[PDB]
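The numbers here are math on the coordinates, done by the rules we state, and not lab data. We place every Cβ from the backbone using ideal geometry, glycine too, and count neighbours over all the protein chains shown.
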Amino acid sequence: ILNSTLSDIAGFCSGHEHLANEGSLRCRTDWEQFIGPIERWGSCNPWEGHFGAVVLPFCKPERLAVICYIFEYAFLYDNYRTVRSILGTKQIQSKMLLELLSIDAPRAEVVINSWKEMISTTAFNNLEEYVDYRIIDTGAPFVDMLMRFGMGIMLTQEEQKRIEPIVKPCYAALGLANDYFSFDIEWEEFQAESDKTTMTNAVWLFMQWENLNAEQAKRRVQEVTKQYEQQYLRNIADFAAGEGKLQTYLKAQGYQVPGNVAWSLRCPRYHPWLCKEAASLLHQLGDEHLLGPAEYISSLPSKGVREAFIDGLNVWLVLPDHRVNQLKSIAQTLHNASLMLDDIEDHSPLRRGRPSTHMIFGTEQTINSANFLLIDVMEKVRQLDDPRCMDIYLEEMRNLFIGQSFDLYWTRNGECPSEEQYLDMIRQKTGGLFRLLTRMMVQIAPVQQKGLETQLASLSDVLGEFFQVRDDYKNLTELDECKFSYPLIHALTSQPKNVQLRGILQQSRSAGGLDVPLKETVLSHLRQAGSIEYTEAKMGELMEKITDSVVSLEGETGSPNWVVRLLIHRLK
Amino acid sequence: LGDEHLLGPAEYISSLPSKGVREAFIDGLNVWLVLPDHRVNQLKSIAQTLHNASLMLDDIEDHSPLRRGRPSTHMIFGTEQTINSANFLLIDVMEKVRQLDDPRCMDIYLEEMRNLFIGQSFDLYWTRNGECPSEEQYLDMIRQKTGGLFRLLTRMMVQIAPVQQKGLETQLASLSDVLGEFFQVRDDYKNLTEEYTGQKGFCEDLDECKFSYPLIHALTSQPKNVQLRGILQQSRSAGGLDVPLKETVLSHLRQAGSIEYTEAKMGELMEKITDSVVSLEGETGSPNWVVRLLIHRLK
Amino acid sequence: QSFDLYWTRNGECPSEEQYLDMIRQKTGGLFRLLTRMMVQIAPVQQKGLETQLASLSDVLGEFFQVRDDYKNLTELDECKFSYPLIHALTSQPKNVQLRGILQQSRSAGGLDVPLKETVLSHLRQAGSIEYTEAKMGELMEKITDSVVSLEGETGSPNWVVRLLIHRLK
């Protein structure tokens, strides 16, 4: 049942205007207060019944006030200014949810889990085709959840499925009866708007569905939809004494069709003229821990490769002393961040004898300072007073991170690089910082310096590789974290079945590092298969190209660079 | 050559389900500022990448194996690769910030992100070293760690908006700072009682000895609670607290009113949020119903 | 067995050709050994049979290893490779998530429950589970051809084998 005390039809049926106006005078204005003026007389019907009243007569008198608002808003949803409309839209569909959810949150969720579900779901030559298309249009299943919200019901998915066959053709009859009386001018709009293909109303489809007549189709909806509605006018008898809180509600749920029939036969929504008197009837805290790790790493002994490189190019590009000091500050900060992070991804307990930053301040607080150092440098690349150095900084630091991403992949997974692949990785890690300072020194170099760009950025690539190949030679001659090196790649390629060598490398990847007896065994294998000799050949080839670039560059400037030449002799 | 590993921890965590708050904050703050739609879809991409980079590093410095049930990013791609990808994201937002065509949007980004790391530095110090924050110091930190992203986005919406609403920056930033406090204080309560248990873990703040508004009160109201300080020290020396130990920790918090104290401050935060919302509704004169439903969902 | 321990410890992903050669000499080793030993100590006449009976024994070794693969994945700890996993790692050369989950297993014991569900998600998205049922159906066809063939020559319907074949399904 439900609550009663609270309160054949036209060839069919064998078997709240005040707040509605308030909801209208809200919605009839809200859609124009926020969105814009509207028309078409949404639901006003003082004689045949306002759409909400006839369709939804019974509900606890605390809900319909929003279903009224929903109902007035329902048709209008199917109905700089663009963005103003857009922002106005999302405001009305929040004027509703707040009012809706503010009372029956579980039902409202269920309603929203059906409203949005229906909203998402909602957003002909033979009988069956458009019927299911038409069933969705009414979205009455959600109005049944609104009736569940109207009478505090919660028919479970199976509780529905028990009654669903009894209540499925509800929304079939609702739309078909809607198809009857909505036909009118809507059929002409379908002739007025010629584009539209096949009619969203069952009446005209019987022309190609049943090969029937339009007036016959109207009475067909009167009598075949009657055969289809006596289906309901005979059905509810079955469930009354079959498997059968909501029993009279089920009747009211089915009584929405006579109301749907009712509302539709004589509403101004379909016959306007009365509307000019329809209303007449009615209306008449400090940087002490962030900077900590940075200060420690910027206090340890250094060698000065990055700074000596800048004074080297200052001869060929001549920059003011003010600028050169800034670029040396960027070089230090951008290199200290690399040292802090790389030591983490080496589990390295020491740095040049002294303890590492992560062994004093911790792993977590060191990453925070390292990530912040990138932001600090970008404050310095903006003090260089040039809009292009910022672009160089961002496009050249991405290359640096791409190279490091590949280094961390091979080290962890355990696969060997190809010599072609490995030499490109070091062209972007150790050559990334050299390329950055070269391309930033050129752009802020006072005038001239036009025909340098390609030659100065190619020397840096060769110069970056030389340092890393040197380190591989230096470290190996006189793997503890199982890092691939130029000597080791050769051995694993020249000797594809050196099982002993491949065994020690896996042992380092499991235990966490080799020992003295095992490290000598690795070095013994490398000497026996070349490696050392090959690395000394690549250092010779790379160093031949460095001198040629310097000599070639010294021909386009005239001035011989003795600062670069002296540093070269300290690099042999 | 080719990224294929840099954008691998940054595309895994984007796929994971979100409870989007910042996107709703930007979309609900546009009713007062009315910003062109193309610009709004840019200020929402900055929010995702900036917030996603935070989660990557947060899980690394929590040793959390899970995130929204699904595995964390440092368990699928390792710890070293995740850190490298997190650093890249700040550089990516830099490119994204530049294409907003405003030279002062840049000064906001560098200035605001300095405070986002200042607040994070104190949190890590208090956790690693066990130093107990005072109530005043704790509230300062959460204002520059959680309200840091809200403040950053709020001041960038103002700068790139039509100038007919340029006299709001003071109040709109005040709302963001209070709203930052309400989120972490709400999280602390939803972590201690029974609520947040699967997204990140059951009483996970206890495991990493993370301090909360409840715990600070208990440690300050009772100077001679030797039982409580021993459990927390056990957490700091044995990875975490087993189920019997965590149950005792709660028993000491309801015995000093720490849980009832949180329900007193939490309401005040929400109150201030709603209070400011009424104020800006009388100036602009367009009742912000997008933020009022958000306020309701927040409760 | 030497190849299996090499791939597992060193992480070297096998190839479709090399994985089937291995399981033919590891699981099909005991079947082959007994098959060739009953032939030798039996009444002499039946020596034109060793070729087919060894071929059946080698195929039966494969079916008992591929069956185990589609018994442990449907419903990884020591980074053991399998017929489904090899396909996913070959069909998808840029599946970085899968190659990262496996490396986690090698570094710290075995995969946890949440990490193991993800592994099954990548194998279903590449059709690796579908592929295994194709090979298992193919191999079972080969066995049925052999029993039918050996039945015709010797003239003795082997009903003991046929029940065992039906037991394997």
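Assorted remarks:
- Alpha-carbon centroid distance for the pair segment C:83-116 / segment A:509-572, whole angstrom: 38
- Once the gyration tensor of the Cα atoms in segment B:130-249 is diagonalised, the equivalent ellipsoid follows with semi-axes of 36, 15, 11 Å, ordered largest first.
- Under 17 Å from the Cα of residue B:265 - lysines, other chains or at least 8 residues apart: B:190, B:299
- For the peptides A:23-30, C:65-72, residues were scored by their other Cβ atoms within 10 Å and the scores averaged per peptide; the highest-first order is A:23-30, C:65-72.
- Using the Cβ-Cβ distance between residue A:251 and residue B:166 with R0 = 60 Å, the FRET efficiency computed as 1/(1 + (r/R0)^6) comes to roughly 0.50.
- Förster-model FRET efficiency, 25 Å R0, residue C:13 and residue A:519, C-beta, rounded to 0.05: 0.35
- Membrane-span-like helices in chain B, defined purely by DSSP H runs whose alpha carbon atoms cover 27 Å or more axially and whose average Kyte-Doolittle hydropathy reaches -0.5, are B:37-60, B:78-98, B:103-128, B:169-192, B:258-283.
- Spacing of the two label points (7 Å from each Cα toward its C-beta) at residue B:199 and residue C:112, in nm: 1.8
- Computed over the protein assembly as shown, the alpha-carbon pair-distance distribution with 10 angstrom bins reads 2, 8, 13, 15, 15, 15, 13, 10, 6, 3, 0, 0, each value a whole percent.
- Pairs of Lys residues in chain C that lie 8 or more places apart, or on two chains, and have C-alpha atoms under 19 angstrom apart add up to 10.
- Label-point gap, in nm, between residue A:447 and residue A:160 - each point 7 angstrom along Cα→Cβ: 8.0
- Charge dipole of segment A:1-90 about the Cα centre (unit charges at C-beta), most positive-ward option of A:35, A:6, A:61: A:35
- Ranking B:203, B:221, B:182 by Cα position along the charge dipole of segment B:124-238, where only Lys, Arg, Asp and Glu carry charges on their C-beta atoms, puts B:182 farthest toward the positive end.
- Qualifying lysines (Cα of each under 22 Å from Cα of residue B:224; at least 8 residues distant if same chain): B:210, B:246
- Separation in nanometres of the label points that stand 7 Å from Cα toward Cβ, at residue A:563 and residue A:192: 8.2
- Pair-distance distribution of segment A:208-361: all C-alpha pairs, bin width 10 Å, starting at 0; shares per bin in whole percent are 7, 18, 14, 9, 2, 0, 1, 13, 24, 12, 0.
- Proximal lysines relative to residue A:251, as straight alpha-carbon distance under 24 Å, when same-chain residues fewer than 8 apart are discounted: A:60, A:161, A:168, A:226
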